[PDB]
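Asks:
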Amino acid sequence: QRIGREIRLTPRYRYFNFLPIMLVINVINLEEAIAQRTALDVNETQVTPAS
Amino acid sequence: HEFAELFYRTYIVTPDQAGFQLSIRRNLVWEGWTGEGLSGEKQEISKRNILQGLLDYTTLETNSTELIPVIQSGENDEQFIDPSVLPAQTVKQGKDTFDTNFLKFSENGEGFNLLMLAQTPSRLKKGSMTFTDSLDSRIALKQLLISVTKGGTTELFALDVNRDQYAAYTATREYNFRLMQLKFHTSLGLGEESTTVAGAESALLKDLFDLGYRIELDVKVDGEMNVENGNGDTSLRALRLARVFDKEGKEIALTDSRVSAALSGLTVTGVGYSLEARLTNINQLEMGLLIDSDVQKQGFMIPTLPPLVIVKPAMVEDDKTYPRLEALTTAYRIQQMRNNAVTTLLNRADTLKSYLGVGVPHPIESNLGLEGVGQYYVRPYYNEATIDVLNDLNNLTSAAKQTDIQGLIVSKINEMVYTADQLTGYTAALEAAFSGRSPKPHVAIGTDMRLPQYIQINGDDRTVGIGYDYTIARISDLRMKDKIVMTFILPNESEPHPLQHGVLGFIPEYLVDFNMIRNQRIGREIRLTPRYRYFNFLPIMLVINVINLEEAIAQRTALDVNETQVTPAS
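If you're matching them up, the sequences are chains g and j in order.
Under the entry's author numbering, think of the first position of the first sequence as 547, with each following residue one higher.
Under the entry's author numbering, think of the first position of the second sequence as 28, with each following residue one higher.
1) Run through the DSSP bridge pairs and tell me what j/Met543 is partnered with.
2) Here's the rule: buried if 16 or more other CB atoms are within 10 angstroms of the residue's CB, otherwise exposed. What is j/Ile173?
3) Pull up the distance between the alpha-carbon of j/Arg52 and that of j/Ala368, whole angstroms please.
4) Using the DSSP secondary-structure output, state which residues sit across from j/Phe515 in a beta bridge.
5) Of all the CB atoms in chain g, is at least one closer than 7 Å to the CB of j/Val593?
6) For chain g, find out if any of its Cβ atoms is closer than 7 Å to the Cβ of j/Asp187; answer yes or no.
7) So does the stretch 542-557 of chain j actually touch the stretch 304-323 of chain j, counting three or more Cβ pairs closer than 8 Å?
8) Below 8 Å, how does it come out for the stretch 307-318 of chain j and the stretch 184-196 of chain j: are there three or more Cβ pairs, yes or no?
9) So what does DSSP say about j/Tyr403, is it helix, strand or coil?
10) Give the interface partners of g/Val588 over in chain j, defined as CB-CB distance under 9 Å, in chain order.
11) Quick check on j/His528: buried or exposed, where buried means 16 or more other Cβ atoms within 10 Å of its Cβ?
12) To which residues of the same chain is j/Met568 closer than 6 Å at the C-beta, ignoring the five residues directly before and after it?
13) Check j/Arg165 in the structure and name its three-state DSSP category.
14) Answer yes or no: does any C-beta atom of chain g fall closer than 7 Å to that of residue 669 of chain j?
15) Please list, in chain order, the residues of the stretch 473-506 of chain j that have any C-beta partner in chain g closer than 9 Å.
16) Closer than 6 Å by C-beta to j/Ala145: which residues in its own chain qualify, once you throw out the five before and the five after it? Chain order, please.
17) Note down, in chain order, each residue of its chain lying with its Cβ closer than 7 Å to the Cβ of j/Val470, except the 5 sequence neighbours on either side.
18) Assuming j/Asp504 and j/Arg365 make a contact with CB atoms under 8 Å, what is their CB distance in whole Å?
19) Do j/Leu81 and j/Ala455 count as a contact pair if the criterion is CB distance below 7 Å?
20) Would you list, in chain order, the members of the stretch 518-546 of chain j that have their beta-carbon closer than 9 Å to a beta-carbon of chain g?
21) Please report how far the alpha carbon of j/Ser149 lies from the alpha carbon of j/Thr176, in whole angstroms.
22) May I have a chain-ordered list of the beta strand (DSSP E) segments no shorter than 3 residues that lie completely inside the stretch 239-269 of chain j?
23) Less than 7 Å between the C-beta atoms of j/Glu353 and j/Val385, yes or no?
24) Taking DSSP as the reference, what is the three-state secondary structure of j/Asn90?
25) Kindly list, in the order they appear in chain j, the residues whose Cβ is closer than 8 Å to that of g/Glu577.
26) Cα separation between j/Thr424 and j/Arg583?
27) For the stretch 49-71 of chain j, list every residue whose C-beta sits within 7 Å of some C-beta in chain g, in sequence order.
28) Give me the chain g residues within the contact set of j/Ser438, using Cβ-Cβ distance strictly less than 8 Å, ordered along the chain.
29) Per DSSP, what are the beta-bridge partners of j/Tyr409 in this structure?
30) Which same chain residues, not among the five before or five after j/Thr451, have their C-beta less than 6 Å away from its C-beta?
31) In chain j, which residues lie with their C-beta within 7 Å of the C-beta of g/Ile549?
32) Enumerate in chain order the residues of its own chain whose CB-to-CB distance from j/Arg264 is below 8 Å, with the five nearest sequence positions on each side excluded.
33) Please return the same chain residues whose Cβ sits closer than 6 Å to the Cβ of j/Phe327, not counting the five positions on each side in sequence.
34) Would you identify the three-state DSSP class for j/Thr37, choosing helix, strand or coil?
35) If you reduce the DSSP assignment to three classes, tell me which class j/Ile414 lands in.
36) In the stretch 306-329 of chain j, which residues sit with their C-beta less than 7 Å from some C-beta in chain g, listed in chain order?
Next up, the structure:
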């Protein structure tokens with residue numbers, strides 16, 4: 547016994563998957579990388595005696 | 028002067044008003060307090076802005092029809108397993124809060140009356156069973172609850188069986204013309220990361236898992252269900268471990284020593300299942316997003332400011348000790364146009380700092396203390412950063428130091444612009460506010476007189492980045508030392524508007540000239556009383572602090588090897 551107007555939409559749709567090939571990459575630390583300087587990874591080779 | 032104009036849009040107010048008003052429209056999505064005609068009986072709750080859904084993906088999600096079995100405390104426990112195997116699971120459906128479980132497999136006995144079973148507390152208010160209620164063209168298995176025992180320890184596994192091709196009820200001939208049949212005959216596999224009821228990689232197949240092996244169970248499940256009364260049955264026919272795959276899809280015999288020793292004592296037995304059932308409600312009973320809109324109130328006022336005065340003997344005019352009006356006009360102009368703009372900008376920065384914190388956004392309409400109708404269209408956001416030029420500059424030769432510094436600063440400022448654009452959702456706000464015309468963000472650049480040569484283009488391929496329009500503002504003030512202030516503005520607009528950063532409420536005023544008697548002396552006076560006030564709406568601004576530019580240029584620094592370690596002890 548409350549009287550009003552109604553508007554309705556009852557959708558019919560669905561998502562299906564066919565191709566089983568898909569790749570994802572996570573990207574991280576971009577803003578630290580652009581904020582801080584990075585300079586070289588040099589491999590000191592032991593002409594100072596260690597080998 | 029550029030600076031006041033760029034950050035605070037000037038506006039002329041006819042002296043017949045004490046300010047100006049803005050009436051705003053806000054479309055809303057929410058549920059409860061149902062209807063407006065004879066509203067209430069579910070009471071008022073928080074509105075949600077529809078634009079929030081353009082960036083959030085939960086406020087607009089609802090289910091209002093799914094038939095989830097509900098445990099009545101009477102005889103209803105018959106169709107569910109004993110709660111000593113799996114406790115009830117509490118789920119939300121509409122406004123109802125209740126309990127569900129997994130139905131028990133029935134071979135030859137009673138069926139289950141879904142319509143009798145699917146009564147939620149909302150329906151009980153309406154008067155129980157409705158004759159037009161019918162089951163949708165889809166009924167599919169949600170989950171299969173199996174028991175895996177190894178040596179005596181029982182572990183339950185909830186297998187997500189939905190979205191599977193073979194797990195759909197199919198229409199069939201014979202018996203009636205409203206019969207749906209489920210013929211589920213396939214092999215399901217448990218991986219080496221097979222999760223139990225919640226988390227973990229199990230503990231009875233771990234020896235199988237580490238070796239790199241997944242098990243596969245062959246299963247044939249058959250059932251029938253009627254879409255006219257909700258009667259039906261379902262029973263398991265076959266359930267056993269058959270095949271074990273290697274790191275490839277090549278069958279591994281179950282007689283080899285490792286797997287045979289590992290698989291000893293394994294038994295698999297099913298106890299339950301779950302169905303997703305929809306009710307094509309033909310006479311309709313459902314309620315959904317109640318779309319409403321509210322109008323909001325806010326008022327602006329204009330104060331009075333103390334005046335400037337001139338004194339001179341009132342017997343002859345002098346241009347020597349008192350110059351012409353131009354000097355008084357200049358004092359008024361500087362006072363109103365530069366110092367106050369800087370004060371308002373810095374106070375706005377400080378208040379935004381205190382209110383919001385650093386590097387954290389806020390949900391739409393969650394900061395009621397800020398000034399401005401602007402927060403109706405975007406999230407509030409604040410940020411701060413420092414650049415130590417000497418410590419984080421890379422050079423290769425001394426001849427490129429200026430270009431290096433320019434590149435560093437422009438990269439940092441540009442990246443700050445991108446992250447602000449991502450978090451505040453500003454562009455969507457522009458698209459919503461103006462239909463058909465899509466403006467691109469314009470960045471406000473407020474900086475002192477030492478930096479701009481290092482920001483203007485001499486190298487690089489950008490000033491603030493590609494896709495932005497920039498205006499550089501330079502002032503002689505001392506407080507803006509070592510500071511750059513970024514903000515988004517609108518240059519094609521000429522009215523108060525919430526996306527606008529700030530407005531300069533301006534009323535023209537003039538002077539008075541007369542003779543005044545103050546302790547028995549006579550001198551004509553010139554008085555100018557200005558009337559204005561600055562207001563800010565848009566709650567987004569970026570400020571970057573620049574320090575130590577002197578030492579970096581003065582003292583050489585370049586590169587600085589992050590060596591890599593083939594040394595003792597590592």
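Idealized CB from N, CA, C, for every residue including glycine.
Replies: Here's the rundown:
1) j/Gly550
2) buried
3) 30 Å
4) j/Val470
5) yes
6) no
7) no
8) no
9) helix
10) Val588, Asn589, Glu590, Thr591
11) buried
12) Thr514
13) strand
14) Residue 669 of chain j cannot be examined here, being either before or after the span of chain j that is shown, 28 to 597.
15) none
16) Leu94
17) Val444, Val491, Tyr495, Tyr497, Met513, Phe515
18) 7 Å
19) yes
20) none
21) 40 Å
22) 241-253
23) no
24) coil
25) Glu442, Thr446
26) 10 Å
27) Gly62, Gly64, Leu65
28) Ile580
29) j/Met568
30) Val405, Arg406, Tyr408, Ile567
31) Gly64
32) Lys247, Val248, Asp249
33) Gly46, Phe47
34) strand
35) strand
36) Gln311
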